[PDB]
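First the structure, in the form of structure tokens, and then the observations on it.
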Amino acid sequence: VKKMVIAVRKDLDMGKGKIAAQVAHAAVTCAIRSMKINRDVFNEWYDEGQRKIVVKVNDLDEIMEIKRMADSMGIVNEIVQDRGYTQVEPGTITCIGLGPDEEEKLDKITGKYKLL
């Protein structure tokens, strides 16, 4: 009943393996942050099998809209960027993780998007 959502960009031509790695990046950062600042909710999520919903979004604008809504609702979220073409600079935004939180709350933000 606690779930995490990760929303993945479909316009980047990412392979199956890269998508999994990017979703895992989002999930790791959200989980660790939530363990720090939202412990009881993290624990419940984790003990219920750390359930995750993975949706796909059309473009960067959708990622940023999710971000906007998550911050407004006080939901833990992490925009994920891959490695650069340049080691010094940050890379492309691939996905965004949310939660863990209440599924009903999370669906208010991501429910509209197609499952990956």
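Residue numbers run from 1 in the order of the sequence given. For the numbers below, each heavy atom of this structure counts, side chains included, while hydrogens, waters and symmetry mates do not.
- Side-chain contact between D101 and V76 is absent, with no heavy-atom pair separated by less than 4.5 Å.
- Taking the charged nitrogens against the carboxylate oxygens, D59 and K10 have no contact shorter than 4.0 Å, which rules out a salt bridge.
- Here the side chains of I6 and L98 are not in contact, with every heavy-atom distance at 4.5 Å or above.
- Here the NZ atom belonging to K56 is positioned 7.0 Å from the CG atom belonging to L116, to the nearest 0.5 angstrom.
- Expressed to the nearest 0.5 Å, how far CG of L106 lies from CD1 of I66 amounts to 11.0 Å.
- Contact between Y113 and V57 at its shortest, heavy atoms only, is CD2-CG1, 3.5 Å.
- Between the side chain of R39 and the backbone N or O of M35 there is at least one donor-acceptor pair closer than 3.5 Å.
- The neighbour count for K112 NZ, taken as heavy atoms of other residues, nucleotides or ligands under 6.0 Å away, is above 12.
- Residues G99 and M4 approach most closely at O-CE, 3.9 Å, considering heavy atoms.
- Atom CG of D13 is surrounded by 12 or fewer heavy atoms from other residues, nucleotides or ligands within 6.0 Å.
- Here the closest heavy-atom approach between residue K2 and residue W45 is recorded as O-CD1, 3.5 Å.
- Annotation: the span from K67 atom NZ to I93 atom CD1 amounts to 10.0 Å, rounded to 0.5 Å.
- Looking at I75 and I109, their side chains come closer than 4.5 Å, going by heavy atoms from C-beta outward.
- A 4.5 Å side-chain heavy-atom check between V54 and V8 finds at least one atom pair inside the cut-off.
- In this structure a side-chain-to-backbone donor-acceptor pair under 3.5 Å is missing from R9 to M14.
- Atom NZ of residue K52 and atom SG of residue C30 lie 10.5 Å apart, to the nearest 0.5 angstrom.
- Using a 3.5 Å distance cut-off with no hydrogens or angles, the side chains of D11 and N58 do not pair a donor with an acceptor.
- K3 places no side-chain N or O within donor-acceptor distance of the main-chain N or O of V1, the cut-off being under 3.5 Å.
- Between the side chains of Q22 and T94, a donor-acceptor pair is found at a separation under 3.5 Å.
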